[PDB]
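Chains as they are written, first to last, in the authors' numbering: chain A, 155 to 760; chain A', 155 to 760; chain A'', 155 to 760. A prime marks a further copy of an entry chain. For each residue, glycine too, the CB sits at the ideal point set by N, CA and C. Here the structure is laid out as structure tokens; the discussion comes afterwards.
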Amino acid sequence: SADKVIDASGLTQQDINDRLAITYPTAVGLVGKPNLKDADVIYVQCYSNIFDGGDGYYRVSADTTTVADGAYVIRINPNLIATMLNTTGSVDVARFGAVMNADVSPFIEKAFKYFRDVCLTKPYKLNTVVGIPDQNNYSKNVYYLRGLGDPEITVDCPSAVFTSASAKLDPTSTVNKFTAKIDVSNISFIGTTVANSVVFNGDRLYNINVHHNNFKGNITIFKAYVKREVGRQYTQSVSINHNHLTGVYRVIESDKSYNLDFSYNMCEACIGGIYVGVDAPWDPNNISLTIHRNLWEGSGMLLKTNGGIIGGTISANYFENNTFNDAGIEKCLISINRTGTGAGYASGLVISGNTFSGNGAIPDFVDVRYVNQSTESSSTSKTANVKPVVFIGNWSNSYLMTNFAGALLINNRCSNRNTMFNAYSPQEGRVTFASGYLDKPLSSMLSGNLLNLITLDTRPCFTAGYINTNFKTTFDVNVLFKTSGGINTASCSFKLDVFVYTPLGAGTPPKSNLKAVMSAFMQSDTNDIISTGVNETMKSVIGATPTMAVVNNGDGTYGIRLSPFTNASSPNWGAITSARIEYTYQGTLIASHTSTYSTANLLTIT
Amino acid sequence: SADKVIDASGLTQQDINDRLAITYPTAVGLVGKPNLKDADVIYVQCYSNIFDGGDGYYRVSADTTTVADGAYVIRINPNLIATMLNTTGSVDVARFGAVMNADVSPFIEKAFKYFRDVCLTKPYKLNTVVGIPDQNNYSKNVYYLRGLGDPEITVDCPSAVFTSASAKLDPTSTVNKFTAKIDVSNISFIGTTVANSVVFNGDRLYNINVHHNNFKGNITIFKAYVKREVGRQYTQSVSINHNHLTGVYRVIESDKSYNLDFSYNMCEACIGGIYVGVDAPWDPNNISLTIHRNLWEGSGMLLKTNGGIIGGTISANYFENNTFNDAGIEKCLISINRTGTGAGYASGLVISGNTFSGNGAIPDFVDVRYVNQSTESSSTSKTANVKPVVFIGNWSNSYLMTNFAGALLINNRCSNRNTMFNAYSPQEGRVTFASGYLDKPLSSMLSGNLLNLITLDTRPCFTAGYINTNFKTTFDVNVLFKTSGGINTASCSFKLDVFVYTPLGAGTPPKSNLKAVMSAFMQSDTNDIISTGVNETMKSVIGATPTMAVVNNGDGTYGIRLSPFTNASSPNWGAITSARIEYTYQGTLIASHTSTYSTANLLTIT
Amino acid sequence: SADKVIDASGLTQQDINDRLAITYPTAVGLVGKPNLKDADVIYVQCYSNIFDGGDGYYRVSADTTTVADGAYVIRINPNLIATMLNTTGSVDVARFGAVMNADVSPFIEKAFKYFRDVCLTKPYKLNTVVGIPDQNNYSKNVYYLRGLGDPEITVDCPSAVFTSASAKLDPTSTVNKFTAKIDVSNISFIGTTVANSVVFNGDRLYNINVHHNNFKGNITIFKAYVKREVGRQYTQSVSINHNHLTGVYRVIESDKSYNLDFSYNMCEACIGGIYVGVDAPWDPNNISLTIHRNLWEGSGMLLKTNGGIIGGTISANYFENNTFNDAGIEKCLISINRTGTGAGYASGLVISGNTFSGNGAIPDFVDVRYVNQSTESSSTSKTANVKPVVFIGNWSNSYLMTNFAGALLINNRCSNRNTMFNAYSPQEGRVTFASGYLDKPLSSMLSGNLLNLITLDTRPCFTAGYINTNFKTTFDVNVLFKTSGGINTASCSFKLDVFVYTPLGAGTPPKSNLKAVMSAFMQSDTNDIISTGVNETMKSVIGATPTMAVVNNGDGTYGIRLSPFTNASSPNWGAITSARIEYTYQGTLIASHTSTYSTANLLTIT
């Protein structure tokens, strides 16, 4: 007996025996084993071979009934089994029989059937299709697949590796055999042949967050296969963010794409990017498309369609030296066309803060080809069924940023801006606009038949820079004259051109000066009716030959006086007592003897 | 004795004994134990029950003095204790006594008191309030709470589960009882009753990054409770990014919100989103608000306020089919109002690249209701105390995108654009603007009393498309005439209307042609003073009836010649020798016989 | 013998012996050891001291030849060694001999030589330079360095801690001694002296994602050192996102920076931010620069340059109370200057949705100083070699947002907007623009010598609000007259001013009314040539004194009738049969008796 025995501690060999664990070499080695009971917890030092790991706890229970898959439940003998206990929360795929440098695909498939978080720590190959437990985009759960150790996964499979459990069974059902809610992280995927390097199935994976991974050589990250939406393939709620990419064949290949994201990636020497609605365009062919904050350098075309893009953001990217593959052929980094049966216009697309450089190798690189987007055949500017791209605060030193005149350009630095038909903003072209109103008792305006309508005051202009105080202004002035009861019995309107000047090159002058010309005088008359019932007309308060004088008030303010004014009265409503004066002006901002602009903003109307 | 014994190795049973570890079943089982000494390191196979895990190392020390909490320090006997050793860096909550499917709340509270990274690997329930060690937003540290295994956490608590250690003690102090710097990740939170499913306390948690989690059923992710800032609740520096969301009752409920982020989430069939300043609006009621790059589909209202939003970005989102709950009632996805005591205007809000679709079910869906934002009562356009939303390159097929005329619209694709009073840009309405200057020795201009002022050159127009070379241009020309010493003794200004035409439908014509009309001629005169001291005036250099001729130079260039010009001289300064010519034009861009625009950009002024 | 012995189980002490693991205390303790064979797998309970951890598996092999580093391979004796087995995938640095509160730098250097994922779980100090295995930005691999337990790392090193293996050897080579592809996460870095707290080397680390960490006290996150690009240092593809920051001395210090990102950080009481091209500016000195969605509060200057920024986004940030350090000196949060040899202009910079508040302490805070950016010396507005910043839907209550008049302002809420020379948009200043065309058989227009050119229709205006139906419109109308064979034999052009008025303050009137004035009439004449060959001219179809009448059609529609019209015919081509009518208008939108705008958008041209 053992208690009789004495360890060199001075301890009973029994009192040792008690502080001791059941440990076996291999998981698969449990089948043999005697001398194990229900409630026994055992520690297996690896699954198969040690260089492959797979270590973890089992629990032995008394089990007659339940069949045994061969990893999660192992039959020790006819009436005893071991079930796998997960400790680390996330589970090595090794624990399921995954072997270093082999096809890990059956093993990932196996593991996900028992667990939701599953992790690779060893180099593997993916040669077969992984199906993934089916759940909808309303599910309680999120399948994770994690990288610890930066596992180097070689991709080599005739299909897209990853699919739904269901669709793996019928890979071709045009029935929506989909799985959602997946997170893939911290893995270096490594490609083989182009044809064999497709990682995810777009037909089949929705709501997938692919983040902080690494892709290398001839990988296609997502492919679509089956025509399933009026003759089109589609993908849905795919997001690729914070990955490195190198040599990548395609970021995504599909007919259509819903809700696709490509953010904060670092992509070197890739072949191609987002090829969507290329062969088979559609009217909406990308519906939400985000390309934010990537590096994409020394590379091919980043985006290529033949169909419409809807609700697109291409922001804060860095694009250096993209003269390769399709980019060198087509001489552009983004190529938006519309051609082929189904193909629609791009609409609602913002392109901002991107850097487009070093495409110098191609003397005629266009950064963003936008072809067949004309809708100049439409007879008005007033509808917005179709709206072209707006580009904003980008920077390009390529030959052209874009070739479509109807692209809206807002403060883009670009070569050959004065080649391009695109509209210049009033801001670039140093033009400003203001508007306001005055309400004025007539009492205060009327002098004989002179209506002292408005004062222009150039003191704010002078104050702020007498040099800058040289500008032309053009005003629309609309006057609504009102009876005491506030009935508009008379109205008139006129353009006014105003020139504000202050002599330069002799030091501070006494003041600024002002001239004005009126034109395009119009007013209400007795043919314009207020009430047919009680027989009431509008009137004409200005007489034969409208006359405007500029009154020089000698300190930098100017009255605009309007002549022959006559009051008219209604039996009902009385005479006019007051006027509402609505002014809208545009001013010249150039002030070419300074560093800055003209004081036109500061011209005051009282 | 043991060395006498012989294992079937041919090894001394003592030489075995030596390569062996102290292992016990349970952590709580250490209390009993004899035959343990100071420096002893022991391996416990689980805390309580095995199905719950909790396994890790202890160290036994000789300890008389220190009291024992019951997990981190366990009393083996009066003079011996075991302290917990953390290996995995992040610590299972199991190791503290957390049990599968129970309230994990005491256990999370316990663990965080000893460790900063704490991790859930087992399904649990949260039924009680977790307080969290108090630290300020200037702290050395970041509390993490991690998900391994996608743990399914059921939320069922009459308060917001997570709070500050302090505020858990007085849940109502209007004193700022806050904790900052928290990271929560990789967990599926699962809701019960609406009333019981609030996860985080906004009053109490600042600087919290909630990322790559999952929320399901009637969760409110954040609630605010106590009025604490002039009658308002507030939250601060909350960020929710890369989560899935499904059935979510509210993303956030509060009076006010500082610095709140909602990025790259995937949200299906949610009830409601960001309800802020709804019951109790305020003037700033959301101060920084980011809603970037989410999926939000088949859902309720995404954002609803009654107070002002300040510094808002709603970008690159995909919004399909949001006709539910409050969205179906109020017939909008975002509902910005101003009403109720305190309520202010929205100001500084950019909404770009969003996709707003399939709200067809409600024939009169408005995407963004913006109600009571009028400030048209203000008498000028010149102040920016209040500034409305700018919408830019979005896409909507809803009945209206918005209902406020003062929203700025830049290249949004939307239905009924010609319903809406919003200003059309000069770019949409095919108008362009340019400006420049010439400096010219008079010597080169003056011929008799003809001032050959400027040349217009339509060769650049013709070169680039003789068809497109049909446009009207309107120029403001300001001329500052200067003495040799560069004193501005004379100035004049005029409008010029220029029509550029090239006959179509007969092949390439010899050239483009040009006509012009001058108007709104004004000039300086002797009443405008340069120096009162030395008695110096401005002059008038153009005589009775200003006359402009267009000179046809026969090759596509045109002189603009100004008539009666007479020099004037100052005793001091001499005659005029040179002029500075400042031009500002606007041109028509429509060119309705082509696909493109008019050559107006390319008209050259020399 | 052992099988003779009997454990209190009733089990043969041999049948125990068999279910048992080889366990030693310490890794370093293996050297002594006898009684171990090839294939033996052993479990070491810590590396050195237990409080430091380091526990993991070795494998014993028979080894004569290979030398032993002292952690990964340990010599047990002349012909036996132990190699380290990695289980957890990511490897504790402890396993390499890292000790609590010491310089972990040699140990990180050691570990990365064997593994790519390496993790800190214990407080340490970084006192020496860590070199990092050299790989290019096209590499199969990504070095990770992880945080578990929120390890508190003190930084205290006379160089930047982290560098390339190569550059650690020659720290000064102007040769491009770089390493790429690194991920650093979940660590609290803690600073000492400013001079000693630099974490990463910009010269040497490319493609580095620094995310979800914590920085505290006098840390400089990145420094550049060596002049290496035409007298400049540079950094490349650095991204700092989702960190906390507190007390941070500099986010980045460099001459130049390529492709730099600063996203979703939470930064409190920092000293300074992105100091780039300060001492030594350059023409492009930041090439791609993203500052998105940070908190930056109670802090110093966030960005400071003296060189050009190219392709910049500063979006959705919250900036409260930034009155400190350099911010209080220079009285600004961003300070973009151009000065010192090499220095260029900022170009292509979008600043949107930021919140700039509580800088009240400095009565004259400018949020974004933009100094020496004038390029008003350029003679046209038409080139875009240089383009200034565009600011859009930000919010500021600082004294000024910016001080450069040439910044483009789009719907920014800001103080003193009517101080600033920046152009007001036509939209703010309540101006709208539309354009279209009509094609019309002359047959339908011509009546005697009256050309009934176009109808204006104010019914759409009235329908939508008879109060708002008071506006001035100014139209450019260009008419291209065409022979049956569609040859443009005649053309004319005119301005038209149109006043649309409807009397207010008496209930719904019968209709809206309309007046118009024509001006700036021009037409083709026989001097304009179609074909010199076959001797063909353009003609004049309007006679002595062009006359336009407004025809009141009595229901809210108005003909514009043009007078003396005469047909002209070509021998070749016949008479004119049809005209193409191109209209471009601008309208006043103010409608100061309502909450909204004028109906000008809805005026219809048929």
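Would residue i and residue j be called neighbours here (beta carbons separated by less than 8 Å)?
i                       : j                       : result
residue 228 (chain A')  : residue 217 (chain A')  : no
residue 589 (chain A')  : residue 535 (chain A'') : yes
residue 386 (chain A)   : residue 328 (chain A)   : no
residue 596 (chain A)   : residue 469 (chain A)   : no
residue 627 (chain A')  : residue 652 (chain A')  : yes
residue 270 (chain A')  : residue 246 (chain A'') : no
residue 132 (chain A'') : residue 241 (chain A'') : With chain A'' represented from 155 up to 760, any question about residue 132 (chain A'') goes unanswered, as that position is not in the structure.
residue 443 (chain A')  : residue 414 (chain A')  : yes
residue 181 (chain A)   : residue 171 (chain A)   : no
residue 665 (chain A)   : residue 678 (chain A)   : no
residue 465 (chain A)   : residue 548 (chain A')  : yes
residue 225 (chain A)   : residue 251 (chain A)   : yes
What residue range does the beta strand (DSSP E) around residue i cover?
i                       : result
residue 683 (chain A'') : 683-685
residue 244 (chain A'') : Premise fails: residue 244 (chain A'') is in no beta strand (DSSP E) and is neither H nor E.
residue 650 (chain A'') : 642-655
residue 168 (chain A'') : Counting along the chain, residue 168 (chain A'') falls outside any beta strand (DSSP E), though it belongs to the alpha helix (DSSP H) covering 167-171.
Name, please, each residue of chain A whose Cβ falls closer than 7 Å to the Cβ of residue i.
i                      : result
residue 192 (chain A') : Correct list: empty, because the minimum Cβ distance to chain A is about 15 Å.
residue 568 (chain A') : 538
residue 636 (chain A') : 659
residue 585 (chain A') : 577
Check the Cβ of residue i against every Cβ in chain A'' and list those closer than 7 Å, keeping chain order.
i                      : result
residue 294 (chain A') : 306, 342, 344, 370
residue 184 (chain A)  : Here the premise fails: no neighbours, minimum Cβ distance about 11 Å.
Counting along the chain, where does the alpha helix (DSSP H) carrying residue i start and finish?
i                       : result
residue 614 (chain A')  : 613-618
residue 511 (chain A'') : Here residue 511 (chain A'') belongs to no alpha helix (DSSP H); instead the beta strand (DSSP E) covers 509-511.
Which residues of chain A' have a Cβ atom closer than 9 Å to the Cβ of residue i, listed in chain order?
i                     : result
residue 441 (chain A) : 472, 474, 509, 511, 549
Along chain A', in chain order, which residues have C-beta atoms closer than 7 Å to that of residue i?
i                       : result
residue 178 (chain A'') : 173
Whose Cβ in chain A'' lies nearer than 9 Å to the Cβ of residue i?
i                     : result
residue 734 (chain A) : 658, 746, 747
Along chain A, in chain order, which residues have C-beta atoms closer than 8 Å to that of residue i?
i                      : result
residue 686 (chain A') : 664
Which residues in chain A' have a C-beta closer than 8 Å to the C-beta of residue i? List them in chain order.
i                       : result
residue 226 (chain A'') : Neighbours of residue 226 (chain A'') on chain A': none; closest Cβ ~19 Å, over 8 Å.
Is there a Cβ of chain C sitting closer than 8 Å to that of residue i, yes or no?
i                     : result
residue 157 (chain A) : Here the protein chains are A, A' and A'', and chain C is not one of them.
* To do: Could you tell me whether the stretch 388-402 of chain A'' touches the stretch 290-301 of chain A', where touching means 3 or more Cβ pairs closer than 8 Å?
  => Counting Cβ pairs under 8 Å, three or more are found: they touch.
* Can you give, in chain order, each stretch of the beta strand (DSSP E) that sits fully within the stretch 402-446 of chain A' and has at least 3 residues? -> Inside the stretch 402-446 of chain A', DSSP marks whole beta strand (DSSP E) runs of 3 or more residues at positions 404-408, 411-417, 420-422, 426-430, 438-446, from first to last along the chain.
* Considering only residues of the stretch 553-593 of chain A', which uninterrupted alpha helix (DSSP H) runs meet the minimum length of 4 residues and lie entirely inside it, listed in chain order? -> Within the stretch 553-593 of chain A', complete alpha helix (DSSP H) segments of at least 4 residues are not found at all.
* Asked: Is the stretch 702-709 of chain A'' close to the stretch 706-713 of chain A', with three or more CB pairs under 8 Å?
  -> Output reads no: the stretch 706-713 of chain A' does not touch the stretch 702-709 of chain A''.
* Note down, one range per segment and in chain order, each beta strand (DSSP E) of at least 3 residues found wholly within the stretch 245-313 of chain A. => Runs of the beta strand (DSSP E) inside the stretch 245-313 of chain A: 271-274, 278-280, 284-286, 297-301, 306-309.
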